[PDB]
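Just below is one structure, and these are the notes that go with it.
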Amino acid sequence: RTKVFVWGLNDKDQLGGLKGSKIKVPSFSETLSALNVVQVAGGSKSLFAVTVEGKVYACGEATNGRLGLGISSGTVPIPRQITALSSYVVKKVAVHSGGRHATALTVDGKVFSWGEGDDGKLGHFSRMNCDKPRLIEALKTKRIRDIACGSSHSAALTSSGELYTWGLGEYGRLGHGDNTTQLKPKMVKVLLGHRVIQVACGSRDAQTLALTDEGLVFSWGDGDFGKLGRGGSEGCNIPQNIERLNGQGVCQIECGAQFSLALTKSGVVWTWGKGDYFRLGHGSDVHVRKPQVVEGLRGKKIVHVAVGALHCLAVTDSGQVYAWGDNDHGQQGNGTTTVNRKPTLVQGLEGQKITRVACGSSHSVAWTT
Amino acid sequence: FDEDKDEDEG
């Protein structure tokens, strides 16, 4: 059994069957806890849950076919199974906090995509929307081990460590040396020679992050607010190493709205990028153009992290959830709508040994195993 | 105003 807790914005019932629009305290989700989930993922006013059985359930706003349920207008208030994938065992669903498209990776390495089709982010050599998941034919001959989705582009990496990107080319987020939109997955040849094991994609004028099995972090794309981590604000269309993170043991990378986050094996969290509304967690709202340790979590061994648009969540090895950032919709879980300028213990989870967190655009998830 | 802030539609 897995107990699932949700809070934050719920205007389009993206919390899966709760009453109220601003859930300011983590609330037990009976619909999601009954599913026995291995992963929850949050998009733009949307929520996806992958179960141990390998099925995918979705809820929230259904505009642009972002839920993959065959519809494209209303909202689905109860987690509904993505029946298009019922003949596969899904391992992970990739979606950005401000995303209207998503991908699913099966245990045998197949990738499906669905949702908004703009700029070819779905990867079907086209710009068509997909109300239901569709197999990405271009990735069929490759054993895909991980996936990631931004708001306007997507990524996948092979078992051998090669990274593919596709979608909107503007501001260099795909990393192929130009700014051309790719309607199909294209291998980032610059990163040949590194075994990429993780990738993260941003939103709007987006950055992209990549992590290698040697602990090296690379970044490329839009440079606004220093989210590339190399100072200043200049963008680039070729992967560049973030030298500050070398030797730190980075094991997880994420991209919020205009900011980046890294977590190391020893439990340290680094953030950098746009500082507005305190999404970085350093106590101020100024920008941070090179990665900086979140001092409010020092001494706490963080084992998992999640980023929303303007908020983050971090889980300690002892099951405590810390939150920082904006709170217009209660997504901080401090019982109010007041911003957490620094990492703050979340309410209502004492006795629940949380192991994993997830975030949508303005909502938050925590669950146990 | 932040371009990445949701609006509570109800």
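Chains A and B, in that order, give the protein sequences. Residues are numbered in the authors' numbering as their position in the first sequence, beginning at 1, plus a constant of 2957. Residues are numbered in the authors' numbering as their position in the second sequence, beginning at 1, plus a constant of 988. Backbone N, C-alpha and C fix where the C-beta goes; we use that ideal spot for every residue, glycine too.
Neighbour flag for residue i against chain B, beta carbons, 7 angstroms
| i | result |
| --- | --- |
| A:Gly3055 | yes |
| A:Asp3179 | no |
| A:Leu3024 | no |
| A:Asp3076 | no |
| A:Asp3088 | no |
| A:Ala3105 | no |
| A:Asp2968 | yes |
| A:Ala3266 | yes |
Beta-carbon proximity check, residue i vs residue j, cutoff 7 angstroms
| i | j | result |
| --- | --- | --- |
| A:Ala3051 | A:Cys3087 | no |
| A:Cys3016 | A:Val2994 | no |
| A:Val3272 | A:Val3264 | no |
| A:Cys3212 | A:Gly3159 | yes |
| A:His3058 | A:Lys3089 | no |
| A:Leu3267 | A:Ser3217 | no |
| A:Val2961 | A:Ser2986 | yes |
| A:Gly3132 | A:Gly3072 | no |
| A:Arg3298 | A:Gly3240 | yes |
| A:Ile3101 | A:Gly3150 | no |
| A:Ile3104 | A:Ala3095 | no |
Chain-order list of residues whose beta-carbon lies under 8 angstroms from that of residue i (same chain, five-residue window excluded)
| i | result |
| --- | --- |
| A:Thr3294 | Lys2979, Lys2981, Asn3284, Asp3285, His3286 and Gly3287 |
| A:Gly3189 | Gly3180, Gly3183 and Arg3246 |
| A:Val3009 | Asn2993, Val2994 and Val2995 |
Nonlocal neighbours in the same chain, by C-beta distance under 6 angstroms from residue i, ignoring five residues either side
| i | result |
| --- | --- |
| A:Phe3182 | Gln3215, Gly3230, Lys3231 and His3244 |
| A:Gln3038 | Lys3012 and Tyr3014 |
| A:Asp2968 | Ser2978 |
| A:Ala3323 | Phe2962, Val3278, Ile3311 and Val3314 |
| A:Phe3082 | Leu3140 and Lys3141 |
| A:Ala2998 | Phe3005, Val3050, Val3052 and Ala3315 |
| A:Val3007 | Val2995, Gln2996, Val3013, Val3047 and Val3050 |
Cβ shell of residue i (< 7 angstroms), same chain only, five flanking positions each side left out
| i | result |
| --- | --- |
| A:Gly3134 | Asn3194 and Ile3195 |
| A:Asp3162 | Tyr3128, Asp3179 and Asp3181 |
| A:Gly3186 | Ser3176, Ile3199, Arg3201, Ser3217, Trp3229, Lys3247 and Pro3248 |
| A:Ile3259 | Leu3220, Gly3224, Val3226, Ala3271, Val3272 and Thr3273 |
| A:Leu3254 | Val3226, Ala3271, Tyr3279 and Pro3300 |
| A:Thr3063 | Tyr3045, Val3046, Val3047 and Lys3048 |
| A:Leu3026 | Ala3015, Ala3019, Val3033, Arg3037 and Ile3039 |
| A:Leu3302 | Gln3277 and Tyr3279 |
| A:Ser2984 | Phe2962, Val2963, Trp2964 and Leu2975 |
Residue-chain proximity (residue i, chain D), Cβ-Cβ < 7 angstroms
| i | result |
| --- | --- |
| A:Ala3214 | The displayed structure is made up of protein chains A and B, and chain D is not among them. |
Interface residues of the segment 3149 to 3177 of chain A facing chain B [CB-CB below 9 angstroms]: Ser3160 and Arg3161
Would you check if the segment 3117 to 3132 of chain A and the segment 3041 to 3055 of chain A touch, i.e. whether three or more CB-CB distances between them fall below 8 angstroms? no
Any C-beta of chain B within less than 9 angstroms: which residues of the segment 2975 to 3004 of chain A qualify? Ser2978, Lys2979, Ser3001 and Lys3002
Got a sec: which bits of the segment 3234 to 3247 of chain A sit with their beta carbon under 8 angstroms from any beta carbon on chain B, in order along the chain? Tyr3234
Give the residues from the segment 3291 to 3319 of chain A that approach chain B closer than 8 angstroms (Cβ to any Cβ), ordered along the chain. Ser3318 and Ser3319
Going along the segment 3261 to 3286 of chain A in order, which residues come within less than 8 angstroms of chain B, judged by CB to CB distance? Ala3266, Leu3267, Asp3283, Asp3285 and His3286
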